[PDB]
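Structural features, examined
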Amino acid sequence: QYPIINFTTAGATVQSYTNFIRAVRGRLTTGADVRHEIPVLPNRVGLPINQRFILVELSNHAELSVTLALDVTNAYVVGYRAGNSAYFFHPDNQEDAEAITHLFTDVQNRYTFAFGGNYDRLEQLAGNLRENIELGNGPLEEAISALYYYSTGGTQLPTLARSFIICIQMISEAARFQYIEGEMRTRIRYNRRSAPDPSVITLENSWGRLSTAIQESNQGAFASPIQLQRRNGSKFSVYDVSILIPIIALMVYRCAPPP
Ligand SMILES: Nc1nc2nc(C(=O)N[C@@H](CCc3ccccc3)C(=O)O)cnc2c(=O)[nH]1
Ligand SMILES: Nc1nc2nc(C(=O)N[C@@H](CCc3ccccc3)C(=O)O)cnc2c(=O)[nH]1
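Per the deposited record, determination of this structure is attributed to X-ray crystallography, with the resolution reported as 1.3500 Å.

Here you go:
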(Lines give C-alpha, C1' and ligand atoms only; values in the text may rest on other atoms or scores of the structure.)
(Ligands and ions follow the chains in the order given, each with its own letter.)
Protein backbone atom coordinates (compact mmCIF):
# COMPACT_ATOMS: atom_id res chain seq x y z
CA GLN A 1 0.00 0.00 0.00
CA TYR A 2 2.45 2.66 1.26
CA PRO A 3 5.45 3.54 -0.98
CA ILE A 4 8.73 1.70 -0.29
CA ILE A 5 12.24 3.11 -0.75
CA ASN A 6 15.17 0.66 -0.62
CA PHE A 7 18.70 1.34 0.64
CA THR A 8 21.60 -0.93 1.45
CA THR A 9 24.73 -0.24 3.48
CA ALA A 10 26.38 -3.10 1.54
CA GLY A 11 28.85 -1.38 -0.81
CA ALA A 12 27.16 1.99 -0.19
CA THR A 13 28.64 4.96 -2.03
CA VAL A 14 28.08 8.73 -2.03
CA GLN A 15 25.95 8.27 -5.17
CA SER A 16 23.80 5.40 -3.85
CA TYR A 17 23.15 7.30 -0.59
CA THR A 18 22.37 10.51 -2.54
CA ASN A 19 19.89 8.58 -4.73
CA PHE A 20 18.29 7.16 -1.57
CA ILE A 21 17.84 10.51 0.22
CA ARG A 22 16.48 12.10 -3.00
CA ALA A 23 13.93 9.29 -3.31
CA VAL A 24 12.89 9.66 0.36
CA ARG A 25 12.34 13.42 -0.11
CA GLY A 26 10.34 12.71 -3.29
CA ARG A 27 7.98 10.41 -1.37
CA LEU A 28 7.72 12.76 1.62
CA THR A 29 6.75 15.94 -0.30
CA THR A 30 4.00 16.36 -2.91
CA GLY A 31 5.34 19.57 -4.51
CA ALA A 32 2.17 21.44 -3.44
CA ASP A 33 4.01 23.64 -0.94
CA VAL A 34 7.30 25.44 -1.67
CA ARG A 35 8.19 28.62 0.23
CA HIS A 36 11.34 30.70 -0.40
CA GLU A 37 12.59 27.76 -2.53
CA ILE A 38 12.18 25.35 0.44
CA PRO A 39 9.59 22.51 0.23
CA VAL A 40 7.12 22.02 3.08
CA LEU A 41 5.86 18.59 4.17
CA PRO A 42 2.10 17.81 3.94
CA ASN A 43 -0.17 19.39 6.55
CA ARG A 44 -1.46 16.75 9.00
CA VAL A 45 -4.88 18.49 9.06
CA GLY A 46 -7.19 16.57 6.70
CA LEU A 47 -4.44 14.28 5.39
CA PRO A 48 -5.99 10.93 4.38
CA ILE A 49 -4.59 7.83 6.13
CA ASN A 50 -3.71 6.15 2.78
CA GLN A 51 -1.17 8.98 2.27
CA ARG A 52 0.23 9.18 5.83
CA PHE A 53 3.32 6.95 5.71
CA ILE A 54 6.31 5.89 3.65
CA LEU A 55 8.41 2.77 4.16
CA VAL A 56 12.19 2.66 4.17
CA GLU A 57 13.56 -0.85 3.65
CA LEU A 58 17.13 -1.03 4.93
CA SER A 59 19.37 -3.94 3.97
CA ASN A 60 22.97 -4.62 5.01
CA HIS A 61 26.11 -6.63 4.14
CA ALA A 62 25.04 -9.24 6.75
CA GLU A 63 22.05 -10.02 4.42
CA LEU A 64 19.52 -8.72 6.95
CA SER A 65 16.61 -6.36 6.31
CA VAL A 66 14.45 -4.06 8.46
CA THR A 67 11.66 -1.71 7.35
CA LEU A 68 11.23 1.71 8.98
CA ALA A 69 7.91 3.55 8.81
CA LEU A 70 8.04 7.34 8.45
CA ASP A 71 5.20 9.81 9.00
CA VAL A 72 5.12 12.06 5.90
CA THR A 73 4.09 15.15 7.90
CA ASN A 74 7.38 15.31 9.82
CA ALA A 75 9.61 12.41 8.59
CA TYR A 76 9.25 10.92 12.11
CA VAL A 77 10.32 7.28 12.43
CA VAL A 78 7.24 5.77 14.13
CA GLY A 79 8.46 2.17 14.23
CA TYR A 80 9.97 -0.74 12.34
CA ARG A 81 9.39 -4.28 11.06
CA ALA A 82 11.92 -7.11 11.29
CA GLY A 83 10.61 -10.38 9.82
CA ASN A 84 7.66 -11.61 11.91
CA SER A 85 7.69 -8.73 14.44
CA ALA A 86 6.89 -5.01 14.36
CA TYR A 87 7.70 -2.42 17.01
CA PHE A 88 6.23 1.07 17.41
CA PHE A 89 7.29 3.92 19.69
CA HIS A 90 4.76 5.04 22.30
CA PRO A 91 2.58 7.44 20.28
CA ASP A 92 2.51 11.13 21.29
CA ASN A 93 -1.28 11.47 20.77
CA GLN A 94 -4.50 9.57 19.90
CA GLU A 95 -4.32 10.45 16.16
CA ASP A 96 -0.80 9.03 15.81
CA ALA A 97 -1.85 5.97 17.87
CA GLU A 98 -4.72 5.29 15.44
CA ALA A 99 -2.42 5.91 12.46
CA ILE A 100 0.10 3.16 13.36
CA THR A 101 -2.71 0.53 13.30
CA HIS A 102 -2.55 0.94 9.48
CA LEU A 103 1.12 -0.14 9.39
CA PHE A 104 2.53 -3.67 8.96
CA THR A 105 -0.99 -5.16 9.21
CA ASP A 106 0.13 -8.62 7.98
CA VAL A 107 2.81 -9.00 10.70
CA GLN A 108 2.41 -11.84 13.24
CA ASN A 109 3.64 -9.93 16.31
CA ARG A 110 2.72 -6.28 16.99
CA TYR A 111 4.40 -4.40 19.84
CA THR A 112 4.18 -0.85 21.11
CA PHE A 113 7.15 0.31 23.20
CA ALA A 114 6.29 1.89 26.54
CA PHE A 115 8.74 4.70 25.65
CA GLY A 116 8.39 7.51 23.10
CA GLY A 117 10.82 7.88 20.21
CA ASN A 118 12.23 11.41 20.67
CA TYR A 119 16.02 11.88 21.05
CA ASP A 120 15.78 12.81 24.75
CA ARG A 121 14.10 9.49 25.64
CA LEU A 122 16.33 7.46 23.30
CA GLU A 123 19.53 9.06 24.66
CA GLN A 124 18.40 8.19 28.22
CA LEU A 125 17.96 4.53 27.21
CA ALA A 126 21.19 4.40 25.15
CA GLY A 127 23.22 5.89 28.04
CA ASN A 128 24.80 8.25 25.49
CA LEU A 129 23.97 11.60 23.92
CA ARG A 130 23.89 12.14 20.14
CA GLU A 131 27.24 14.01 20.47
CA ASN A 132 28.88 10.70 21.53
CA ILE A 133 27.20 8.31 19.07
CA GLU A 134 29.20 7.65 15.90
CA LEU A 135 27.47 7.98 12.52
CA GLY A 136 28.43 6.60 9.11
CA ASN A 137 27.97 3.54 6.93
CA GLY A 138 29.54 1.22 9.54
CA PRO A 139 27.25 2.45 12.35
CA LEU A 140 24.22 2.08 10.03
CA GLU A 141 25.29 -1.45 8.95
CA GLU A 142 25.50 -2.40 12.65
CA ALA A 143 22.24 -0.59 13.52
CA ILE A 144 20.32 -2.65 10.93
CA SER A 145 21.64 -5.91 12.47
CA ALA A 146 20.79 -4.69 16.00
CA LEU A 147 17.19 -3.83 15.01
CA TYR A 148 16.86 -7.19 13.21
CA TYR A 149 17.95 -9.28 16.23
CA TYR A 150 15.95 -7.43 18.93
CA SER A 151 12.94 -9.82 18.98
CA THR A 152 15.17 -12.87 19.65
CA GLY A 153 17.00 -11.26 22.61
CA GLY A 154 20.34 -10.62 20.89
CA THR A 155 20.07 -6.84 21.24
CA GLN A 156 20.22 -5.03 24.59
CA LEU A 157 17.95 -1.99 25.08
CA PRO A 158 20.83 0.57 25.12
CA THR A 159 22.11 -0.88 21.80
CA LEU A 160 18.58 -0.72 20.31
CA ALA A 161 18.17 2.93 21.41
CA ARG A 162 21.60 3.84 19.98
CA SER A 163 20.67 2.05 16.74
CA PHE A 164 17.44 4.08 16.44
CA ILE A 165 19.46 7.30 17.00
CA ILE A 166 21.78 6.29 14.11
CA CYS A 167 18.87 5.46 11.74
CA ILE A 168 16.89 8.62 12.54
CA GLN A 169 19.84 10.93 11.83
CA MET A 170 21.06 9.16 8.69
CA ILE A 171 17.58 8.96 7.15
CA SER A 172 15.16 11.53 8.62
CA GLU A 173 17.65 14.30 9.49
CA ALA A 174 19.48 13.81 6.19
CA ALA A 175 16.12 14.13 4.39
CA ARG A 176 15.27 17.31 6.36
CA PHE A 177 18.68 18.98 5.92
CA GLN A 178 20.91 19.05 2.82
CA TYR A 179 23.67 20.01 5.27
CA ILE A 180 23.24 16.80 7.30
CA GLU A 181 22.96 14.76 4.09
CA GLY A 182 26.32 16.32 3.08
CA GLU A 183 27.88 15.35 6.42
CA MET A 184 26.73 11.74 5.90
CA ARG A 185 27.99 11.73 2.27
CA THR A 186 31.45 12.73 3.59
CA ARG A 187 31.45 9.88 6.15
CA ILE A 188 30.47 7.40 3.42
CA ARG A 189 33.04 8.76 0.90
CA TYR A 190 35.96 8.11 3.27
CA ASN A 191 34.38 5.19 5.21
CA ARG A 192 35.12 7.05 8.44
CA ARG A 193 32.65 6.95 11.31
CA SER A 194 32.31 9.96 13.63
CA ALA A 195 29.85 11.49 16.08
CA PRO A 196 27.86 14.54 14.87
CA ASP A 197 29.52 17.90 15.55
CA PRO A 198 27.65 20.91 17.08
CA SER A 199 26.54 22.19 13.64
CA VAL A 200 24.61 18.94 13.08
CA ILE A 201 23.21 18.79 16.65
CA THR A 202 21.98 22.41 16.67
CA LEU A 203 20.32 22.05 13.24
CA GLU A 204 18.49 18.92 14.46
CA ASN A 205 17.39 20.70 17.64
CA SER A 206 16.23 23.77 15.68
CA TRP A 207 14.26 22.14 12.82
CA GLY A 208 10.83 23.09 14.20
CA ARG A 209 11.95 26.60 15.17
CA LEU A 210 13.60 27.21 11.78
CA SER A 211 10.47 25.94 9.98
CA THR A 212 8.24 28.26 12.02
CA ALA A 213 10.57 31.28 11.65
CA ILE A 214 10.71 30.85 7.85
CA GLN A 215 6.95 30.36 7.50
CA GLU A 216 6.07 33.27 9.84
CA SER A 217 8.77 35.56 8.36
CA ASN A 218 8.11 38.95 6.83
CA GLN A 219 9.13 38.34 3.19
CA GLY A 220 11.89 36.01 4.45
CA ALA A 221 13.07 38.23 7.33
CA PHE A 222 12.92 36.70 10.82
CA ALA A 223 11.29 38.70 13.63
CA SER A 224 13.70 37.05 16.07
CA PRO A 225 17.15 35.66 15.16
CA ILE A 226 17.90 31.95 15.64
CA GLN A 227 21.24 30.91 17.13
CA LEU A 228 22.98 27.95 15.52
CA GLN A 229 26.49 26.58 16.04
CA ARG A 230 29.47 26.14 13.71
CA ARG A 231 31.55 22.92 13.58
CA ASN A 232 33.87 24.32 16.29
CA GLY A 233 30.89 25.14 18.56
CA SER A 234 30.98 28.92 18.00
CA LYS A 235 27.60 30.65 17.71
CA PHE A 236 26.29 32.35 14.58
CA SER A 237 22.93 34.05 14.08
CA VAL A 238 20.32 33.37 11.40
CA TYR A 239 18.24 36.44 10.47
CA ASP A 240 16.77 35.34 7.15
CA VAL A 241 15.58 32.38 5.09
CA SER A 242 18.22 33.18 2.41
CA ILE A 243 21.15 31.62 4.29
CA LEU A 244 19.06 28.47 4.99
CA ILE A 245 18.14 27.64 1.36
CA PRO A 246 21.32 25.48 0.88
CA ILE A 247 20.96 24.04 4.43
CA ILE A 248 17.30 22.99 4.87
CA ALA A 249 15.72 20.61 2.34
CA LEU A 250 12.29 20.13 3.97
CA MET A 251 10.20 22.04 6.52
CA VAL A 252 7.42 20.82 8.80
CA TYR A 253 4.10 22.61 8.16
CA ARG A 254 3.66 25.36 10.78
CA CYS A 255 1.26 27.94 9.29
CA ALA A 256 -0.54 28.84 6.05
CA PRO A 257 1.54 30.83 3.53
CA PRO A 258 0.62 34.56 3.34
CA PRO A 259 -1.09 35.74 0.06
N1 LIG B 1 11.66 8.44 16.24
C2 LIG B 1 12.06 9.65 15.87
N3 LIG B 1 12.48 10.55 16.78
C4 LIG B 1 12.89 11.78 16.44
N5 LIG B 1 13.28 12.63 17.41
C6 LIG B 1 13.71 13.88 17.12
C7 LIG B 1 14.06 14.78 18.14
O8 LIG B 1 13.88 14.48 19.32
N9 LIG B 1 14.40 16.01 17.68
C10 LIG B 1 14.79 17.28 18.36
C11 LIG B 1 13.87 18.48 17.96
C12 LIG B 1 12.35 18.26 18.11
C13 LIG B 1 11.76 17.32 17.03
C14 LIG B 1 12.05 17.51 15.67
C15 LIG B 1 11.51 16.63 14.71
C16 LIG B 1 10.69 15.58 15.11
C17 LIG B 1 10.40 15.39 16.47
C18 LIG B 1 10.94 16.25 17.43
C19 LIG B 1 15.06 17.22 19.89
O20 LIG B 1 14.09 17.30 20.67
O21 LIG B 1 16.26 17.14 20.23
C22 LIG B 1 13.75 14.26 15.77
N23 LIG B 1 13.34 13.39 14.76
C24 LIG B 1 12.92 12.15 15.09
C25 LIG B 1 12.50 11.24 14.11
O26 LIG B 1 12.49 11.51 12.91
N27 LIG B 1 12.07 9.97 14.51
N1 LIG C 1 3.78 10.16 14.11
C2 LIG C 1 4.38 10.67 15.17
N3 LIG C 1 4.87 11.93 15.14
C4 LIG C 1 5.47 12.48 16.21
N5 LIG C 1 5.94 13.74 16.12
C6 LIG C 1 6.57 14.35 17.15
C7 LIG C 1 6.99 15.68 17.00
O8 LIG C 1 7.57 16.29 17.90
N9 LIG C 1 6.54 16.26 15.86
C10 LIG C 1 6.72 17.67 15.45
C11 LIG C 1 8.09 17.87 14.79
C12 LIG C 1 8.33 19.30 14.25
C13 LIG C 1 8.55 20.36 15.35
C14 LIG C 1 7.66 21.44 15.45
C15 LIG C 1 7.85 22.42 16.43
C16 LIG C 1 8.93 22.32 17.32
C17 LIG C 1 9.82 21.24 17.22
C18 LIG C 1 9.64 20.27 16.24
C19 LIG C 1 5.58 18.00 14.46
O20 LIG C 1 5.27 17.13 13.63
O21 LIG C 1 5.05 19.13 14.56
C22 LIG C 1 6.72 13.66 18.36
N23 LIG C 1 6.24 12.33 18.46
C24 LIG C 1 5.62 11.75 17.41
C25 LIG C 1 5.12 10.44 17.47
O26 LIG C 1 5.20 9.75 18.48
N27 LIG C 1 4.50 9.90 16.34
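Another point: the overall build of the protein chain. When helices and strands are tallied, the protein chain shows seven helices and 10 strands. On C-alpha atoms alone, the protein chain measures out to a radius of gyration of 18 Å, which is about the 18 Å that the 2.2 N^0.38 rule sets for 259 residues. The dimensions of the protein chain, computed from C-alpha atoms along their principal axes, are 55 × 40 × 35 Å. Pairs at least 24 apart in sequence give 68% of the contacts found in the protein chain among residues at least 6 apart.

Turning to the packing of aromatic side chains, a few remarks are in order. This model, assessed by the stated rule, comprises 17 aromatic pairs. Look at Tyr87 and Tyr111: their rings are 4.9 Å apart centre to centre, the planes differ by 20°, and that puts the pair in the stacked class. On the criterion of sequence distance, the pair formed by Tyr87 in strand β7 (residues 85-88) and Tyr111 in strand β8 (residues 109-112) is long-range, its members being 24 residues apart. Looking at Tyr87, the relative accessible area reads 9%, which means it is buried. We classify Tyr111 as partly exposed; its relative accessible area is 38%. A ring pair is formed by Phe113 and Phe164, whose centres lie 6.1 Å apart and whose planes are at 75°; its orientation type is edge-to-face. One end of the pair, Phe113, is in the loop between β8 and α3 (119-126); the other, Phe164, is in helix α5 (residues 157-176), and 51 residues separate them in sequence. The same class applies to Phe113 as to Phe164, namely buried. Taken together, the ring pairs in this structure connect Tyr80, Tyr87, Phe89, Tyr111, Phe113, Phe115, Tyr150 and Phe164 into an aromatic cluster. One cation-aromatic arrangement involves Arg176 over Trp207; the distance from NZ or CZ to the ring centre is 4.5 Å.

Quick look at the site of ligand 1 now. Around ligand 1 lies a shell of 15 residues, among which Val77, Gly117, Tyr119, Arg176 and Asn205 are the nearest. Within the contact set of ligand 1, an oxygen atom lies 3.4 Å away from a backbone nitrogen or oxygen of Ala75. Between ligand 1 and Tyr119 there is a distance of 2.9 Å, counted from an oxygen atom to a backbone nitrogen or oxygen. Relative to its unbound accessible surface of 520 Å², ligand 1 loses 81% to contact with the protein. Split by residue class, the shell around ligand 1 holds seven nonpolar, four polar and four charged.

Bringing helix α1 (residues 14-28) into the picture now. Over its 15 residues, α1 runs 21 Å from end to end, which matches the ideal 21 Å to within 8%, given 1.5 Å per residue. Residues of α1 that are buried: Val14, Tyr17, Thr18, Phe20, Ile21, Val24, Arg25 and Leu28. What you see down the axis of α1 is that its buried residues fit within an arc of 160°, all on one side. Elements in contact with the buried residues of α1: β1 (4-8), β4 (53-59), β5 (65-71), α5 and α6 (178-190).

Thresholds applied
Residues numbered from 1 in each chain as written, not as in the entry; some residues may be left out. Chains lettered and ligands numbered in written order. Heavy atoms only, no water. Residues with missing side-chain atoms left out of burial classes, pairs and counts. Helix = DSSP H or I, 4+ residues; strand = E, 2+ residues; numbered from the N terminus. Rg over C-alpha atoms; globule rule 2.2 N^0.38 Å. Contact = heavy atoms within 4.5 Å. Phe/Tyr/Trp six-rings, centres within 6.5 Å; stacked < 30°, edge-to-face > 60°. Buried < 20%, exposed > 50% of the residue type's maximum accessible area, 1.4 Å probe, protein only. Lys NZ or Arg CZ within 6 Å of the ring centre and 35° of its normal. Near = heavy atom within 4 Å. Polar contact = N/O pair within 3.5 Å; in protein donor to acceptor, adjacent residues only side chain to side chain. Areas by Shrake-Rupley, 256 points an atom, 1.4 Å probe, with all protein chains shown as cover. Nonpolar A, V, L, I, M, F, W, Y, C, P; charged D, E, K, R; others polar. Expected span 1.5 Å × (residues − 1). Arc of directions from axis to C-beta.

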